[PDB]
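What follows is a short report on a single structure.
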Amino acid sequence: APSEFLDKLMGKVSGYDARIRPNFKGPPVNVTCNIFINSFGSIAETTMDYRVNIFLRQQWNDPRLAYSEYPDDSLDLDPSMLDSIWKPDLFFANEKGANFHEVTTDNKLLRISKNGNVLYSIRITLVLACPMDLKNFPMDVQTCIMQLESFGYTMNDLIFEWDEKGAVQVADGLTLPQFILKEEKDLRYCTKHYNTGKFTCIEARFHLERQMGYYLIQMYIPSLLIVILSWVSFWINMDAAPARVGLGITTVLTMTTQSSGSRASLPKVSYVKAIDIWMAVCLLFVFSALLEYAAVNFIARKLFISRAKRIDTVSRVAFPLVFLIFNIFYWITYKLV
Amino acid sequence: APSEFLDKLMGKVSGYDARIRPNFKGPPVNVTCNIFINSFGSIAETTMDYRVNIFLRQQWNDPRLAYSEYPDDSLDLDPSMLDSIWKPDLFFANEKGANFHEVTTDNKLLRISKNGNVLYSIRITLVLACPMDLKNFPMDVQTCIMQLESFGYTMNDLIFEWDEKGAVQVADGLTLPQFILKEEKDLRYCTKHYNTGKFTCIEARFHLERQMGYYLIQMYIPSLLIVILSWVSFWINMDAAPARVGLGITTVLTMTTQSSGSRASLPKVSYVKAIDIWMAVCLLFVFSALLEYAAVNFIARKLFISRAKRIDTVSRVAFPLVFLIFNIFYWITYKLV
Amino acid sequence: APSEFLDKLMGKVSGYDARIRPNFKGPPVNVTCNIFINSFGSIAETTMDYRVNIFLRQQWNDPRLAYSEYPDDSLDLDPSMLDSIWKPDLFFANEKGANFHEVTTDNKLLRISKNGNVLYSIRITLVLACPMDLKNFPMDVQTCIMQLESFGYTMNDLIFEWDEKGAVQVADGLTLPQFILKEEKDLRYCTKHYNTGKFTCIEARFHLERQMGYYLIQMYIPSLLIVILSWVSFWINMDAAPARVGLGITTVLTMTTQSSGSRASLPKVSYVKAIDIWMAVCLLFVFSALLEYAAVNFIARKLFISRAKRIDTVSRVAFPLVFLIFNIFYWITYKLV
Amino acid sequence: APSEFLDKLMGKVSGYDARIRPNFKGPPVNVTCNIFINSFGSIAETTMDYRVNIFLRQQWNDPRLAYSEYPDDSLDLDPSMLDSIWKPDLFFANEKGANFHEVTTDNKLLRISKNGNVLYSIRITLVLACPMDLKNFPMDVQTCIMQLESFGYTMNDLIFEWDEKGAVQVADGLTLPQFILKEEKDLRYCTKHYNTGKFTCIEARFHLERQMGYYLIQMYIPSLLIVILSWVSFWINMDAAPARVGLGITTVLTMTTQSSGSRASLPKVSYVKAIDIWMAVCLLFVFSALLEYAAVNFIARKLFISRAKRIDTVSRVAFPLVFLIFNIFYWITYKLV
Amino acid sequence: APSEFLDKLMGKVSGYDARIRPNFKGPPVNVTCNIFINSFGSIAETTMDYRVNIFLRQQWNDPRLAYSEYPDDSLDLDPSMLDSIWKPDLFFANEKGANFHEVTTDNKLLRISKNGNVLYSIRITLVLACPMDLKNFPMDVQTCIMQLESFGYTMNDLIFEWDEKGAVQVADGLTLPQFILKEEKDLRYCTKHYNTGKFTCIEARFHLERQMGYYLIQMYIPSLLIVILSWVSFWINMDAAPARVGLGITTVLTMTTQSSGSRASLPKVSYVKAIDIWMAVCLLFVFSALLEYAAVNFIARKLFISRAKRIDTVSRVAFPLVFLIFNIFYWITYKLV
Ligand SMILES: O=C1C[C@@H]2OCC=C3CN4CC[C@]56c7ccccc7N1[C@H]5[C@H]2[C@H]3C[C@H]46
Ligand SMILES: O=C1C[C@@H]2OCC=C3CN4CC[C@]56c7ccccc7N1[C@H]5[C@H]2[C@H]3C[C@H]46
Ligand SMILES: O=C1C[C@@H]2OCC=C3CN4CC[C@]56c7ccccc7N1[C@H]5[C@H]2[C@H]3C[C@H]46
Ligand SMILES: O=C1C[C@@H]2OCC=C3CN4CC[C@]56c7ccccc7N1[C@H]5[C@H]2[C@H]3C[C@H]46
Ligand SMILES: O=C1C[C@@H]2OCC=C3CN4CC[C@]56c7ccccc7N1[C@H]5[C@H]2[C@H]3C[C@H]46
């Protein structure tokens, strides 16, 4: 019974057009649409994108196609009969690629309300492209934009607008592997201005903060500690080279293999990033040990001895102070601010 | 003969609706469904998901469409004629993507029993998304949820419920590469509460225990052993630096390259994980050797000698005791408890 | 001419059923099927599977559909008209996923013989899942099962059986990258017993022997050689530490970086595997050098000297003998036996 | 109303041919086409290609099919009715593979203007193959060609030509991970000459400059610094070997592990590339230290001492001067020029 | 006009069979086919295959379907009407998988000449499987076979044969990343002999020479140089161990980390390959240094001194001579010959 009464409305009986939008040659069609996101994942420095599947929930009413006569409330049509009725034409502007889910039954759901309101929900997996600045890598804060624009309909034809309450809803417990998702989700309108006209889009923004913990423990601390070891090598006797020169050289080598391993494990990028800066500077002080101490060892070979001891006290004071001033600038620079 | 008698029931002859569920404007439809899983694989820290193909076995009876007249028992229809009859609309809630198998013949099998019972079995490969906490990596225990929910039908429309005997059945000898599958499989109901209503889902839970063996042998033991070597470096003569300072520096370098290699082979994660904690702490004691011994070497340059020997005995007692207390806390912390 | 005479047989003219098998309500249908495999590849520890494309050759005769009237011998129908005639419903039980080849023309070939014999050959690429035990990795022998089962037809309905001569035929010169394929191919029947009944399957088994050569040369020999170097470090003077202690420490460090590199290049597995055992044990003796020699160095600081020399001779005898007994157990354990 | 009036024009009513182009047996059809590119990504040394999705905007007018009678301006037909009208047949010549986006609604948009002008815009993701010469890797400048050619229509049949204003338009803020996109985009005609005839193509060229920063900091500076350390090892006493020979040997080892790590992180290529040249040469000087110093150490064992000191001064002058001349040649060679 | 006149020929009007080949019950059909290859890429040791897209150009004439009446020369039919006419059934024998390009318009082009000649060109991307012997890796020469065979038609039914002039044509400037393509392309017939009969195939062969440059510079030279360093360690004083034993031990360690890094970067193979042989042998001499020098150091502890000096001169002469004889055998062995 509801099938045939549906066939009268959406079929060649009477009349209707899948081609023609509601209110043709009239006021512009509103689509109030809200999304419920199932998952984030695979956020890669490489392809410069993340992958997400959402439940896209669109609502719009056409004056046409509303019975008000028939006993049942709302209505439901089969995913195959989905073509018969006009749907708002929507793409995401920034995805590389997307797909429906056909698993088991088809995931396209549609309901036509008594009053003529239409609820159209589809489940879509899609890969969106987000621009990423790793300029500060460990202290990094990434912003993720998901923007939904109409395709081939100007402001005059239709408008996209968010739901008042719970427009974009994150399914809880996503626990993304490399990032934490900031609870605050900032959504706002966007407008496309082209030669052909003005087109709607709605832009959603998710703030993803990179958690630096693993990098703090695996990368920073060992290197810093090695630097302390070189500082202790500055304390070494004003006579013996091979254990002292040794301390410095060992310091250099350990620093180098550390930087090598970290350079293997980090994301591949050709622009200078924060962690790389830090590794490099640490390596620089590690060298500076053997620089000042080779200066001491060469000047050693009365006045020269006093200059060597003054260079020794000067080293002892300067290394921790310089590295402290440097830390003070660095951390405050990249973290917040 | 069974084809045409099938065409009477499922065809436009008499009447039937693929659109309309059984018992429309009536009592809610039960689907008793049980799954037989063929394989687990590719459980990745990266995409935060695993891949599995199952035989999904659904059973429900419609009062309509039951002959009882025809000589043959049950019936079978071709996978192409599958559309004619109503099927319960089901997705998995947590998969990123899924597909049917069309290989050789189509894998959708359907039988319509004499009494009007319907057995619908399909073979589906699908990638399900499981949240993973590697917070304790080596001692890790992962939980895997597979949840089957109806799409577009409220509690009033239909109910999903497990089989009484052997609801979820693991095909034996899966032997997952990185994990062991706990024989206990815990399944239970779940209920979706949304603005539109209450929807059914059935939730299956597989416990996967990570086996820590390879990490115990390749990562822990060498590092620990190196620590013992530094302990032996504490025994070294109270005079000679370069072999002793040498022992310490070598200890540091070996520790660092070990941590580097392990940092390459482990799964990539930006939050601090157990194995990383352990590596780091070991590296810390490795340093502490050269710290205490540089304290000794500097204080060495009557009372100072006694303080050096007391620092030597204190080192000999403290290092094994501190590392023992630490192990005692650590292992009990992450393993079970 | 053969097209229309084909249309009489397989068409609505006269009668036939794609739905209904041959000999319905009668004796069970034999399908004699043999496969010719084109390629093996991508055998991964990771996904626990290999990829193979085969020519699947099925033969069965239906009493129906046999002309015997028409002049031409056999017959051929277009891949699109393939649906008209009944085909035996077959899946592979263990694949994750599979596909036809549509490249250029369609690869489904079918011939209907004069006597009523049917030859149906299709080209299929598919990814089969094989359980792998790397418990012994270098000396490893893998077994690969390809099993073909009927889908939705009990023993009463049909039977699968191999060809008498050349049932499974390997296309020569496959030269798999990491494995060698044992010429002996062992195929045998298998029977599925389920609540619904008994179903046929034919199981093919390929023995793949892993060739250990690259691991013998790149991993074992250097490590073993390093162990010999430590043995030579046992010969070192009973006086001087830094070159001797040095020899030992260097031995340890080289061993560690070797184990690290090998730990990067090997397949990722969380259960203890043979090569890992071996690496670890070697590292253990490498340590044992510095253990016994630190015992000597500490006991050195009349009777103590004699105990040191006795520990020296004891070391010289024990290390090669212990490592020899160990090799004797190990190699015989994992290789064959 | 516009649907049926569209059906008169593009339908069997009156006449039209999807098969037959405009102006058949007449003047050649112009297609003015401009592209707006959404994203670049995944530019891999490996597959020798990049991935891009564009909005392809084609414009051509057919004398046929232009109403001029009907009140509405332009027109729009559904993506399914797209086949009815003739479209210019276009491939990209260099892609490995490509696809449409079907997500939500179909992304093919078409408008038929009153005058008979046709605007056809489609959204296409496609993977284009660009030849890459890494002969100079760090200082590298890559050129990316996107070429659009007609398929099966000679110069006599149709012509492709760019838009006058804003033919190829980059969507701002692409921020490709490993490269920077030069704002200058050079597009020009190309002509295919084959045995069958002459075919049109339009060729677009994007200049991508590789930014060498990360390689300057992570690879060059540490190595160079190590070289300086060996220079300082030339200053070492004319007597003592083990700290000096030590300095050299340590220099060699650090250099080697640096080259190893960099050899892991760089793109895999079997032809000699710039960064590799540089690493190798640095390693060569690092050796040259121990070469000249072993010459000194051997000649040391009156005149021989003077030759050793002269070799010492000669080393001190030559190493920085040779390495400076080398840098002067190298950097100017690969960067610009 | 040409559309309908095409419909007479290829349509049910008059008669024609897509099923039935030209000259049925007659002389065998020739297809002269030549390919123009667009790209090579992704040649992987792993999957044992390469990926290529070609323009496949087939030509054959059917006596049927030739008008000779109609004014226009040749003809063109739409890719959708491609089914109406018979096409030669062709697969590539060795591909794992393949696909058409549907991007923008369909890439299948067909022309039916006045005389009844048929030109059928299609653009196909496909992944072909080539057997690879890395037995000699750096000096490697790979051969790539592309073989095109008819599917389901015996020698009696049809024949495949190359074009006389320019049968296989490489699009210039392919510049494959790891290989160079030898300009000489050797194509020849191949014949399939099976139980069912004899089938045609045409086999094309591309010679790909691996360029060893990057391996010569990054792998060989550093190792060899290290060996020279050990040779220089043979010159070291007949008294002092720790710098000399040191030189040897350092030599060993650097060699080991070099072999480790190279073992990470090379393609993964379980059979012994040339570069591995070389690395191993070099490591062997590196050891042999400490072997002979430990022999000297132990025999040192009148006649014994003379034996030590004779072992010293013997070492100095033997190492370069043995390594030279070895190089002489090795390089000539793997390169050419
Ligand atoms: O003519 C154009 C080209 C232009 O390309 C950049 C991206 C676009 C996305 N939407 C949908 C198609 C478009 C549009 C709508 C109606 C007529 C012509 C037309 N377009 C594209 C246009 C923009 C904006 C708009
Ligand atoms: O209006 C909605 C949106 C909402 O999105 C979050 C996830 C959902 C999954 N199932 C199937 C679709 C839905 C539903 C059923 C019937 C009418 C409307 C409707 N939906 C979604 C809804 C939930 C729950 C339910
Ligand atoms: O009811 C079932 C479920 C069960 O699932 C595990 C795997 C199976 C594979 N084949 C094809 C489908 C099945 C079968 C045939 C006819 C009626 C019911 C039915 N099945 C599955 C069954 C097994 C065995 C058999
Ligand atoms: O006969 C051919 C083969 C040749 O192959 C190399 C690449 C080609 C791409 N376009 C489209 C097909 C082609 C063409 C057009 C009309 C008749 C025959 C024909 N072709 C190919 C040709 C070229 C150029 C042109
Ligand atoms: O009966 C067979 C099996 C056999 O399998 C190995 C590979 C083959 C490829 N081509 C196309 C199909 C085949 C063929 C043609 C006509 C009748 C039967 C038939 N086949 C396969 C055959 C070979 C050779 C040939």
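Chain labels run A, B, ... following the order of the structure tokens; each chain numbers its residues from 1, and ligands are numbered from 1 in the order shown.
The protein and nucleic acid residues lying at most 12 Å from residue 135 in chain C are residues 175, 177, 213 and 214 of chain B; 141, 142, 269, 270, 271, 272, 273, 274, 275, 276, 277, 333 and 334 of chain C, with only C-alpha atoms considered and sequence neighbours fewer than 6 positions away removed.
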Spatial neighbours of range 228-234 of chain D, max dist 9 Å, only C-alpha atoms, sep filter under 2 positions, as a PDB file with N, CA and C atoms, in the first residue's frame:
```pdb
ATOM      1  N   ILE A 249      84.670  12.775  21.442  1.00  0.00           N
ATOM      2  CA  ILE A 249      84.471  12.029  20.201  1.00  0.00           C
ATOM      3  C   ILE A 249      83.313  11.040  20.333  1.00  0.00           C
ATOM      4  N   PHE A 287      79.745  19.257  19.297  1.00  0.00           N
ATOM      5  CA  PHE A 287      80.971  19.657  18.615  1.00  0.00           C
ATOM      6  C   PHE A 287      81.741  20.728  19.378  1.00  0.00           C
ATOM      7  N   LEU A 290      84.477  19.711  21.683  1.00  0.00           N
ATOM      8  CA  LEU A 290      85.768  19.397  21.082  1.00  0.00           C
ATOM      9  C   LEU A 290      86.426  20.611  20.443  1.00  0.00           C
ATOM     10  N   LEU A 291      85.635  21.622  20.101  1.00  0.00           N
ATOM     11  CA  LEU A 291      86.197  22.844  19.537  1.00  0.00           C
ATOM     12  C   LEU A 291      86.965  23.614  20.607  1.00  0.00           C
ATOM     13  N   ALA A 294      89.859  21.488  21.906  1.00  0.00           N
ATOM     14  CA  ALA A 294      90.992  21.427  20.984  1.00  0.00           C
ATOM     15  C   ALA A 294      91.727  22.757  21.010  1.00  0.00           C
TER      16      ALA A 294
ATOM     17  N   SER D 223      78.095  15.966   8.723  1.00  0.00           N
ATOM     18  CA  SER D 223      79.216  15.395   7.990  1.00  0.00           C
ATOM     19  C   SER D 223      80.377  16.390   7.870  1.00  0.00           C
ATOM     20  N   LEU D 224      80.062  17.583   7.373  1.00  0.00           N
ATOM     21  CA  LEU D 224      81.037  18.663   7.240  1.00  0.00           C
ATOM     22  C   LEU D 224      81.752  18.922   8.566  1.00  0.00           C
ATOM     23  N   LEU D 225      80.963  18.967   9.633  1.00  0.00           N
ATOM     24  CA  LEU D 225      81.476  19.217  10.973  1.00  0.00           C
ATOM     25  C   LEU D 225      82.466  18.124  11.392  1.00  0.00           C
ATOM     26  N   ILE D 226      82.127  16.881  11.061  1.00  0.00           N
ATOM     27  CA  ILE D 226      83.004  15.740  11.315  1.00  0.00           C
ATOM     28  C   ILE D 226      84.335  15.925  10.584  1.00  0.00           C
ATOM     29  N   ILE D 236      96.920  17.219  16.087  1.00  0.00           N
ATOM     30  CA  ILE D 236      97.291  16.354  17.205  1.00  0.00           C
ATOM     31  C   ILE D 236      98.795  16.083  17.248  1.00  0.00           C
ATOM     32  N   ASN D 237      99.286  15.774  18.446  1.00  0.00           N
ATOM     33  CA  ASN D 237     100.718  15.643  18.718  1.00  0.00           C
ATOM     34  C   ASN D 237     101.432  14.709  17.739  1.00  0.00           C
ATOM     35  N   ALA D 243      95.013   8.343  20.640  1.00  0.00           N
ATOM     36  CA  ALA D 243      93.977   9.370  20.685  1.00  0.00           C
ATOM     37  C   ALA D 243      93.839  10.049  19.324  1.00  0.00           C
ATOM     38  N   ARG D 244      94.942  10.085  18.579  1.00  0.00           N
ATOM     39  CA  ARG D 244      95.012  10.721  17.263  1.00  0.00           C
ATOM     40  C   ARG D 244      94.530   9.769  16.169  1.00  0.00           C
ATOM     41  N   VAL D 245      95.211   8.627  16.041  1.00  0.00           N
ATOM     42  CA  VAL D 245      94.704   7.512  15.241  1.00  0.00           C
ATOM     43  C   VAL D 245      93.253   7.270  15.643  1.00  0.00           C
ATOM     44  N   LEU D 247      91.144   9.573  16.909  1.00  0.00           N
ATOM     45  CA  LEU D 247      90.349  10.656  16.340  1.00  0.00           C
ATOM     46  C   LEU D 247      89.966  10.347  14.899  1.00  0.00           C
ATOM     47  N   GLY D 248      90.953   9.939  14.106  1.00  0.00           N
ATOM     48  CA  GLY D 248      90.700   9.550  12.728  1.00  0.00           C
ATOM     49  C   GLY D 248      89.737   8.384  12.536  1.00  0.00           C
ATOM     50  N   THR D 251      86.312   9.309  13.479  1.00  0.00           N
ATOM     51  CA  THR D 251      85.839  10.148  12.386  1.00  0.00           C
ATOM     52  C   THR D 251      85.248   9.282  11.271  1.00  0.00           C
ATOM     53  N   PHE D 285      87.683  12.371   2.219  1.00  0.00           N
ATOM     54  CA  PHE D 285      88.598  13.215   2.996  1.00  0.00           C
ATOM     55  C   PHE D 285      88.815  12.665   4.400  1.00  0.00           C
ATOM     56  N   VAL D 286      87.726  12.223   5.023  1.00  0.00           N
ATOM     57  CA  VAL D 286      87.791  11.559   6.321  1.00  0.00           C
ATOM     58  C   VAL D 286      88.832  10.447   6.326  1.00  0.00           C
ATOM     59  N   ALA D 289      92.571  11.782   5.947  1.00  0.00           N
ATOM     60  CA  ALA D 289      93.174  12.097   7.235  1.00  0.00           C
ATOM     61  C   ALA D 289      94.077  10.951   7.695  1.00  0.00           C
ATOM     62  N   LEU D 290      93.499   9.761   7.835  1.00  0.00           N
ATOM     63  CA  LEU D 290      94.260   8.597   8.276  1.00  0.00           C
ATOM     64  C   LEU D 290      95.294   8.155   7.253  1.00  0.00           C
ATOM     65  N   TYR D 293      98.161  10.723   7.763  1.00  0.00           N
ATOM     66  CA  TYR D 293      98.651  10.554   9.128  1.00  0.00           C
ATOM     67  C   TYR D 293      99.286   9.178   9.353  1.00  0.00           C
ATOM     68  N   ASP D 312     102.807  17.644   7.816  1.00  0.00           N
ATOM     69  CA  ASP D 312     101.836  18.156   8.779  1.00  0.00           C
ATOM     70  C   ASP D 312     101.330  19.547   8.387  1.00  0.00           C
ATOM     71  N   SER D 315      99.371  19.185   5.238  1.00  0.00           N
ATOM     72  CA  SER D 315      98.026  18.684   5.518  1.00  0.00           C
ATOM     73  C   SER D 315      97.125  19.817   6.005  1.00  0.00           C
ATOM     74  N   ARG D 316      97.607  20.542   7.014  1.00  0.00           N
ATOM     75  CA  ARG D 316      96.882  21.686   7.568  1.00  0.00           C
ATOM     76  C   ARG D 316      96.460  22.706   6.512  1.00  0.00           C
ATOM     77  N   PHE D 319      93.942  20.392   3.369  1.00  0.00           N
ATOM     78  CA  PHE D 319      92.585  19.898   3.630  1.00  0.00           C
ATOM     79  C   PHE D 319      91.513  21.004   3.530  1.00  0.00           C
ATOM     80  N   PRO D 320      91.666  22.115   4.282  1.00  0.00           N
ATOM     81  CA  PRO D 320      90.637  23.151   4.148  1.00  0.00           C
ATOM     82  C   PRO D 320      90.570  23.768   2.750  1.00  0.00           C
TER      83      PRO D 320
END
```
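With the cut-off set to 12 Å and only C-alpha atoms counted, chain A residues close to chain C are residues 242, 243, 257, 261, 264 and 265 of chain A.
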Can I get the selection written as a PDB file, in the first residue's frame, with N, CA, C and O atoms?
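The result, written out as out.pdb:
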```pdb
ATOM      1  N   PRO A 242      93.343  11.258  25.711  1.00  0.00           N
ATOM      2  CA  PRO A 242      92.602  10.165  25.061  1.00  0.00           C
ATOM      3  C   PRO A 242      91.263   9.767  25.703  1.00  0.00           C
ATOM      4  O   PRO A 242      90.381   9.291  24.988  1.00  0.00           O
ATOM      5  N   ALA A 243      91.125   9.930  27.012  1.00  0.00           N
ATOM      6  CA  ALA A 243      89.848   9.672  27.672  1.00  0.00           C
ATOM      7  C   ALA A 243      88.933  10.889  27.557  1.00  0.00           C
ATOM      8  O   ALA A 243      87.710  10.754  27.547  1.00  0.00           O
ATOM      9  N   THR A 257      74.493   8.937  15.692  1.00  0.00           N
ATOM     10  CA  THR A 257      73.642   7.768  15.474  1.00  0.00           C
ATOM     11  C   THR A 257      72.226   8.023  16.010  1.00  0.00           C
ATOM     12  O   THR A 257      71.243   7.511  15.456  1.00  0.00           O
ATOM     13  N   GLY A 261      68.898   7.630  13.664  1.00  0.00           N
ATOM     14  CA  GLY A 261      67.722   6.841  13.993  1.00  0.00           C
ATOM     15  C   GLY A 261      66.446   7.663  14.008  1.00  0.00           C
ATOM     16  O   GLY A 261      65.423   7.284  13.403  1.00  0.00           O
ATOM     17  N   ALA A 264      65.322   8.427  10.697  1.00  0.00           N
ATOM     18  CA  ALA A 264      64.628   7.321  10.046  1.00  0.00           C
ATOM     19  C   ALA A 264      63.163   7.241  10.480  1.00  0.00           C
ATOM     20  O   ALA A 264      62.276   7.018   9.653  1.00  0.00           O
ATOM     21  N   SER A 265      62.911   7.427  11.776  1.00  0.00           N
ATOM     22  CA  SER A 265      61.562   7.215  12.321  1.00  0.00           C
ATOM     23  C   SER A 265      60.557   8.368  12.103  1.00  0.00           C
ATOM     24  O   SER A 265      59.348   8.138  12.050  1.00  0.00           O
TER      25      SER A 265
END
```
* Neighbour list for residue 170 in chain C as a PyMOL selection string, cut-off 9 Å, only C-alpha atoms, skip fewer than 5 positions in-chain -> chain C and resi 35-39+183
* Asked: Which protein, DNA or RNA residues have an atom within 10 Å of ligand 2, counting only C-alpha atoms and all ligand atoms, as a PyMOL selection string?
  -> (chain A and resi 33-38+54-59+76+107-111+119-123+169-171) or (chain B and resi 89-91+93+149-154+192-200)
* Would you return as a ChimeraX atom specification the members of range 83-321 of chain C that DSSP assigns to strand (DSSP E) on this structure's backbone? => /C:90-92,95-100,109-112,117-128,141-154,158-161,168-170,179-194,197-210
* **Å distance separating CA of residue 329 in chain A from CA of residue 209 in chain A, one decimal place** =>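 Value for the CA of residue 329 in chain A-CA of residue 209 in chain A distance: 21.5 Å.
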* Can you list, as a list in words, every residue of range 232-276 of chain C that DSSP puts in alpha helix (DSSP H)? ->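 In range 232-276 of chain C, DSSP puts these residues in alpha helix (DSSP H): residues 232, 233, 234, 244, 245, 246, 247, 248, 249, 250, 251, 252, 253, 254, 255, 256, 257, 258, 259, 260, 261, 262, 263, 264, 265, 274, 275 and 276 of chain C.
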